[PDB]
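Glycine gets a Cβ as well: all are built from the backbone with ideal geometry, and neighbour counts include every protein chain shown. No lab work stands behind these numbers, since they all come straight from the coordinates.
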Amino acid sequence: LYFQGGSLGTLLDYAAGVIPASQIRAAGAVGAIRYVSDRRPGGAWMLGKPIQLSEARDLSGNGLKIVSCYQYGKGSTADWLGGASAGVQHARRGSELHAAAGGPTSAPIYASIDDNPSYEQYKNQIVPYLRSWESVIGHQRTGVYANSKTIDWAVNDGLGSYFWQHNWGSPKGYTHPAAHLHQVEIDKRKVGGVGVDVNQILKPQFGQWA
């Protein structure tokens, strides 16, 4: 990675299960980015979706940071394919699951673009999708998980207030300077028997609940 500052701490993200706060801390992570989403068809193994209130209390009590993210579908069922209508459906559900997990209204939700879209896909589908997220929870609460190209387009269009960079389609070694968070490792390690992805905190205010 080109140097562009350094990590301010590691956050883990995971869908397969719930990890006790003691095991997150023992893995050298300062918190987790957790799903405020349901399990899609073929995802009944995703016991990490959604975060429930008892887990949020365990993490918060242990002094760990919590960040909310949303991803329901993937690939041919990616959430953003449905544009404006899909954005209202997914944002409403994410906001309900965030509140039921104990998430505060002051905290954002990172909507996921788990893809490497063309600019035409971005204009036709991702722009109305993110506009609908902003219509439901507000611009100040809308986070975007996407590659660096998509973050740049969203920044230029004024969509989203928080950005979490993934590397699918991002130029090698590049970190977008607007990114709050950066996913740096995927499906290469487990914590408490649960497969995790590793993220670095880049900005001190990155959408943590507290």
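Determine whether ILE19 is in a loop (DSSP other than H, G, I, E, B), of a type in the set (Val, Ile, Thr) and farther than 14 Å from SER112 by Cβ. Considered against the rule, which asks whether it is in a loop (DSSP other than H, G, I, E, B), of a type in the set (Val, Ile, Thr) and farther than 14 Å from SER112 by Cβ, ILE19 comes out as yes. Restricting attention to region 22-43, the residues that are buried (at least 19 other Cβ atoms within 10 Å of the Cβ) and either hydrophobic (A, V, I, L, M, F, W, C) or over 19 Å from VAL191 (Cβ atoms) (or both) total 6.
Counting only residues that are aliphatic (A, V, I, L, M) and in contact with a strand residue (DSSP E or B) (Cβ under 7 Å, 6 or more places away or on another chain), which one in region 100-121 is nearest to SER76 (Cα to Cα)?
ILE113
Being of a type outside the set (A, V, I, L, M) and closer than 13 Å to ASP13 by Cβ is the filter; apply it to region 166-183 and report the residue that is surrounded by the most Cβ atoms within 10 Å (Cβ to Cβ). Restricting to residues being of a type outside the set (A, V, I, L, M) and closer than 13 Å to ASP13 by Cβ, the top hit is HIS166. Please verify whether region 44-67 includes one or more residues that are buried (at least 16 other Cβ atoms within 10 Å of the Cβ), among the β-branched types (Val, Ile, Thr) and free of Cβ contacts under 8 Å to residues at least 60 places away in the same chain. Yes: one or more hits. Among the numbered conditions (1) surrounded by 15 or more Cβ atoms within 10 Å (Cβ to Cβ); (2) under 17 Å from the mean Cα position of the chain (by Cα), the only one that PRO104 does not meet is (1).
Answer with yes or no whether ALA86 is over 23 Å from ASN199 (Cα atoms), loosely packed, with under 15 Cβ neighbours inside 10 Å and more than 14 Å from the chain's Cα centre (by Cα). Judged against the criteria, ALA86 is not a match. The residues on offer are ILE186, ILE151, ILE137, and the sole one that is buried (at least 18 other Cβ atoms within 10 Å of the Cβ), within 22 Å of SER7 (Cβ to Cβ) and β-branched (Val, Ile, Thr) is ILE151. Is there a residue in region 189-210 that is basic (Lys, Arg), surrounded by fewer than 21 Cβ atoms within 10 Å (Cβ to Cβ) and closer than 30 Å to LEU47 by Cβ? Scanning region 189-210, I find at least one residue that is basic (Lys, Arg), surrounded by fewer than 21 Cβ atoms within 10 Å (Cβ to Cβ) and closer than 30 Å to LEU47 by Cβ, so the answer is yes. The residues of region 160-196 that are of a type in the set (A, V, I, L, M, F, W, C), under 13 Å from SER112 (Cα atoms) and in contact with a helix residue (DSSP H, G or I) (Cβ under 6 Å, 6 or more places away or on another chain) amount to a single one, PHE163. Being more than 20 Å from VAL36 (Cβ to Cβ) and basic (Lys, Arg) holds for only one residue in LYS74, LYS123, and it is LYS123.
State yes or no: is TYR129 crowded, with 16+ Cβ neighbours inside 10 Å, over 22 Å from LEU64 (Cα atoms) and among the aromatic types (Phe, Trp, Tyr)? Reasoning before the result, please.
Numbers: crowded, with 16+ Cβ neighbours inside 10 Å: yes; over 22 Å from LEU64 (Cα atoms): yes; among the aromatic types (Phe, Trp, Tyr): yes.
Taking the combined requirement at face value, the residue satisfies it.
Residues of region 130-139 that are part of a helix (DSSP H, G or I) and without any contact (Cβ under 8 Å) to a residue 24 or more places away in the chain: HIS139 alone.
The criterion of at least 1 residues that are over 20 Å from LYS74 (Cα atoms) and not aliphatic (A, V, I, L, M) is met, among strands (runs of 3 or more DSSP E) falling completely within region 140-197, by 162-165, 181-191.
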